[PDB]
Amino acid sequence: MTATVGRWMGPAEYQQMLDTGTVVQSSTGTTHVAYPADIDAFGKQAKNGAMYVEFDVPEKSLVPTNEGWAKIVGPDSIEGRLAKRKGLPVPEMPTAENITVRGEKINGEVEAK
């Protein structure tokens, strides 16, 4: 019940993700990912120095869209805050398997690494 996703992230997030083998929760409260994993989907707006990392998460932790991206449901996601209020089990950030750096943003253009 696993799905491959891609995320443009900074060095610090990548390091944390690698050290824990767990998806880092965005400081916005909801971590967004490309689904299906696509290096160009959100590369345009990714800043210089960002890395495009692909990894595998459980399907049950994704909420997909028709627009090529998905939410990862963590404690501070809207779904997570609902669960807290209703007295349901609050979902934790999922594991990240097969972590692979597939690209970098260099000089304003999407490099493939």
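So that there is no doubt, residue numbering starts at 1 and follows the sequence shown.
- Averaged over CA atoms, B-factors in the entry run higher in 82-90 than in the other of 33-41 and 82-90.
- Ranked by C-alpha B-factor against the other modelled residues of its chain, residue 18 falls in the highest third.
- Ranked within its chain, residue 28 lands in the highest third, by CA B factor from the PDB record.
- Residue 54 sits in the lowest third of its chain by CA B factor, as recorded in the PDB entry.
- Placement of the Cα temperature factor of residue 5 within the chain: lowest third of the modelled residues, per the deposited record.
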